[PDB]
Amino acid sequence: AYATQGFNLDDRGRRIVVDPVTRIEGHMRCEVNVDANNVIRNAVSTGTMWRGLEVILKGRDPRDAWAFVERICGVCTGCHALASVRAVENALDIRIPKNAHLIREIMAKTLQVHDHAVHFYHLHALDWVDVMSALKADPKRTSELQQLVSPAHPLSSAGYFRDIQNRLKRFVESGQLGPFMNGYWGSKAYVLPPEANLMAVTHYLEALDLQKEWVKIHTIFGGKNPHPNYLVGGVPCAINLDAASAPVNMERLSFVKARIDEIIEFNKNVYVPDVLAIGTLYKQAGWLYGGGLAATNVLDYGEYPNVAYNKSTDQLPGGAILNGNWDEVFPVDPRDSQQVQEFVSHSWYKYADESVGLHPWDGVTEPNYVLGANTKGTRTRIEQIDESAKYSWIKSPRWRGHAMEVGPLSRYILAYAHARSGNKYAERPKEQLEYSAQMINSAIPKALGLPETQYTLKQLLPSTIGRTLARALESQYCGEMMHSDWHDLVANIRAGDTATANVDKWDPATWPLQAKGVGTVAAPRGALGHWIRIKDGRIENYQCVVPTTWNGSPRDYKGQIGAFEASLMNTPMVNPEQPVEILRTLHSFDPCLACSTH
């Protein structure tokens, strides 16, 4: 047992293992210890996959790198390609044309919306929603609930809900439950009424149909989804209005606009209101657990500048907050060797000296799969993992030695802090947050006949509910932003600027004989960076530090815990053999394990 970061870790209690953790991307094992009252008092995050993309990149052409690293992840598809082209452009001093900038932004914001909305409905919802309780809902009362939760949503009649209910009823009564097989339905961890459950299941099915429409924006600009194409120096989708034979013409741009307008409607009428309503009801039950490191330490690189290449105009302004002090945002520099560093003290890698953290320009990825002396089981049949030694394929990123949480919640806390110090670019996230707090505290309770509460944003945001909320709000904001980007793109094209690629430094004969660069992206799950060194036209070193690397990290040399482990601490489980609360909180980070390990 030891104390770190205000947490008292203790492994004396009953050990519980969740392997596999499902409804995530990739492979994770989670272990906890619970005390005599089923409260979590220790948590262990294990990344159970590795591919070695950083190793595979060595010796290859920097212009090709985006395609390799894009395949780090098919869920956050394209965010690695963006980081890569940005990193190479940074190394080679390439400025991309305005249209390439705007098209990349539109693609990035499309990913944000698709990733967030799919995550909530298809991966997260089943931790809050009991699908079997939806069978017992009254269709009329579900319609009435729908009209309170989201008056403007047109799909709200009693017959529509009854039809959805009957299809679910038939599916269940077949005895082949499929994805609902062996679920935790009926657990006292579930608090929603039948009507809310049926509403949520209906939206699950709606989102599953709609999500395939949104990604057609990627298909237009990048050819396909998943894994759209990118380009060092700009975008491949050349522009011409006055042929049918250009990748981008006005008809293609009008099609993109129609998809954007659909996204805006979905975020405002379905996604945000569902999360506010579900969040309100779990708040009423007192389920404010899962804050973890969000209560103290948060980080983002900052993204979406109003003016290209001008970081002061970031519309999700970044930096770092420490010790819960929201009145002070420290600037974050991905080039500073004393800021972002990765340890492997408790990871399955080797450094010369594992008492130190390496900045990614000096990063090393040498596998070292070895288990500690306290392991129960064998090298190929683990029963209980030994967290005192090496226990994960995820490295341990730290910022000036501090453990940080990243993601939409971090960005929204940063945006709120920036707004209160006078940053006007953060005004919309601030507005979203204040609106959300008033809905959760007053409007929704009053509409449902529940008592009103008086939680501040400081109290509400650092929680599993807050983390889930921030994701939904970010989706909405991203939709709104790409609507403006579209208008800027069309305006720029109509004013006569059709440029999509700067090819001045395409040929490696024009390059400096050595160079280094960094590209950062506000990926759906948080702060992403790619750091490249180039020598004689080839990749000398390529290191990625990915959002789930931050959040899912094992302990560092000092024994400080990462965001997943901290967030599970001090949470009661109704039944320690049913991991409902573990899954609810882990899923609130939207863990991407292939990303985390690459």
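The first residue of the shown sequence is 1; numbering continues from there.
- Compared against other deposited entries of this protein, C237 counts as consistently modelled, with coordinates in all of those that resolve the residues around it and thus below the third mark.
- According to the record, 1 to 3 deposited residues between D242 and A243 are left without atomic coordinates.
- With 588 to 596 and 1 to 9 compared on mean CA B-factor from the PDB entry, the stretch scoring higher is 1 to 9.
- Of the two segments examined, 571 to 579 and 21 to 29, it is 571 to 579 that shows the higher average Cα temperature factor in the deposited entry.
- Highest C-alpha temperature factor among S347, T500, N492, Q514, as the PDB entry reports it: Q514.
- In this entry, the residue among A352, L299, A81, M107 with the greatest C-alpha B factor is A352.
- Remark: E434 belongs to the highest third of its chain, ranked by C-alpha B-factor as recorded.
- Residue-level temperature factors show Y309 in the highest third of its chain, judged at the C-alpha atom.
- Ranked by Cα temperature factor within the chain, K376 sits in the highest third according to the deposited record.
- Sorting the modelled residues of the chain by their CA temperature factor places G422 in the highest third.
- Per-chain ranking of the deposited C-alpha B factor places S475 in the lowest third.
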